[PDB]
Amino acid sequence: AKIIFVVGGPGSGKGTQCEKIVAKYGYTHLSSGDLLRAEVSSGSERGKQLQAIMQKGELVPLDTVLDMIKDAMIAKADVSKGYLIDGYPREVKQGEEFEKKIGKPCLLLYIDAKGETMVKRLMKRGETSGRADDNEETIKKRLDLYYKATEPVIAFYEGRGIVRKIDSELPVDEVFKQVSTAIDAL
């Protein structure tokens, strides 16, 4: 099965575009954030540790996140012709371990938004839906961690030759036209 990585800053639009891909193309959307949140909601001790980390806007350890992604991919293996890995990898080492333990991606959709745009989007969502990490201080930390840890992922996969940059400043449907062009070109 094809493995597509979807990487971009917090609030850039990764989840939105992934849900569009699912509806049009039928790939399996796995979200690292949603997996981690599902553990938090289980009430486990592990979930309590993850909630603490996520609330602070820091990165969860690679071992826990990659486990859960692998767990989810195995659970869907029967029925998936492709996977969208949304929000993983977030550092170069995550990408390398994923390739060692699972397989190589065929495409990286780089969901590119401006920093100010991301702040605005996450503040709006936080005011609405109240996700715990959508508060101003945590937003700032998430964005700074993205620039520091995650942009080198984009460089790594530029070196591999598989990055397609998606202008996520446009309206949702215009972003998805770019996304669709990239996927149709595989």
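So that there is no doubt, residue numbering starts at 1 and follows the sequence shown.
Undergrad: Mean C-alpha B-factor higher for 4-12, or for 175-183?
TA: Per the deposited B-factors, the answer is 175-183.
Undergrad: With reference to the PDB entry, specify whether the mean Cα temperature factor is higher for 34-42 or for 152-160.
TA: The recorded data point to 34-42.
Undergrad: Please work out which residue in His29, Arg142, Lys70, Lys120 has the highest C-alpha B-factor recorded for this crystal structure.
TA: Most elevated C-alpha B-factor of the set, per the entry: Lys120.
Undergrad: Comparing recorded Cα B-factors across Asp86, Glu91, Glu99, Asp78, which one is largest?
TA: Checking the PDB record, the top C-alpha B-factor among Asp86, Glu91, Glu99, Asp78 is at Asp78.
Undergrad: Which third, lowest, middle or highest, does the CA B-factor of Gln49 fall in along this chain?
TA: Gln49: CA B-factor falls in the middle third of its chain.
Undergrad: Taking the chain's C-alpha temperature factors as the reference, tell me which third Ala113 falls into: lowest, middle or highest.
TA: According to the entry, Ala113 has a C-alpha B-factor in the chain's middle third.
Undergrad: For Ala132, return the chain-relative third of its C-alpha B-factor as stated in the PDB record: lowest, middle or highest.
TA: Tercile = highest for this residue's CA B-factor.
Undergrad: Rank-wise, by C-alpha B-factor, drop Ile166 into the lowest, middle or highest third of its chain.
TA: For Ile166, whose C-alpha B-factor we compare with every modelled residue in the chain, the answer is the lowest third.
Undergrad: Ranking the modelled residues of this chain by C-alpha B-factor as given in the entry, is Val22 in the lowest, middle or highest third?
TA: Middle third by C-alpha B-factor.
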